[PDB]
Amino acid sequence: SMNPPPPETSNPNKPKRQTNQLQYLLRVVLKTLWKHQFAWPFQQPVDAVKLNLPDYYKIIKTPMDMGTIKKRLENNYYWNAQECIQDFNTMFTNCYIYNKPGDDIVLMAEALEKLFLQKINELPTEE
Ligand SMILES: CCc1c(C(=O)N(C)Cc2cccc(C(N)=O)c2)[nH]c(C)c1C(C)=O
Ligand code: NA
């Protein structure tokens, strides 16, 4: 069994921009979600080999996780906040697509998503 390569986190050809919204996503949104008691299943790419989920990457073709998001934020991978917000949304949706409603992993995802959306409501205006 094999995992795919992880999502891209370095590309010197991709133009980059530091923005107050992106700083907010790292400083406030990611940091807050990362420390949450249910963050641990989302802090790295799903290891389908270790977890014995050989169909995972048959079902999930755009994998995403907070470890990848943290790296993208910390090493300034993004141009805008919407790119990052999309990554969070993809992580949550993948979980809801792959797992059954009311699986523990889904309850965890929903808790994080609720917190995520609350923080996104305070996304600062672009300076
Ligand atoms: C339920 C499996 C799962 C987890 C999960 O439980 N994880 C990823 C922690 C873990 C366990 C076992 C091993 C490891 C390691 N990385 O070594 C990590 N997270 C997600 C998004 C899912 C699914 C299928 O949606
Ligand atoms: Na499902």
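Annotations for the structure displayed:
- Cα long-axis angle, helix 81-98 against the chain (0 to 90 degrees, to the nearest 10): 10
- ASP47 paired with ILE59, simple spin-label distance in nm, labels 7 Å along Cα-to-beta-carbon: 2.1
- FRET efficiency, 1/(1 + (r/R0)^6) with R0 30 Å, evaluated for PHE38 and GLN82 via beta carbons: 0.75
- Cross-link pairs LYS14/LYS71; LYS50/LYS114; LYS50/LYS70; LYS14/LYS35; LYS14/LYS119; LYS35/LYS100 - those with Cα-Cα distance over 19 Å: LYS50/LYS114; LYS50/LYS70; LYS14/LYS35; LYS14/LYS119; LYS35/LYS100
- Label-point separation, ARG27 to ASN75 (7 Å along Cα→Cβ), nm: 2.3
- Given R0 = 35 Å, the distance between the Cβ atoms of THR125 and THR93 translates into a calculated FRET efficiency of 0.80.
- Translational diffusion of the chain, estimated by Stokes-Einstein from the Kirkwood radius over alpha carbon pairs at 37 °C in a medium of 0.692 mPa s, is 215 µm² per second.
- Charge context of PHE38, other residues only, Cβ under 10 angstrom, K/R +1, D/E -1: -2
- The stretch 100-127 versus the stretch 1-15: alpha-carbon centroid distance in Å: 24
- Computed about the Cα centre, the dipole magnitude for the stretch 24-103 is approximately 160 debye when only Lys and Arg (+1) and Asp and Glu (-1) carry charge, each at its Cβ.
Cβ atoms come from the backbone with ideal geometry, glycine included; neighbour counts cover every protein chain shown. Coordinate-derived values only; no laboratory data.
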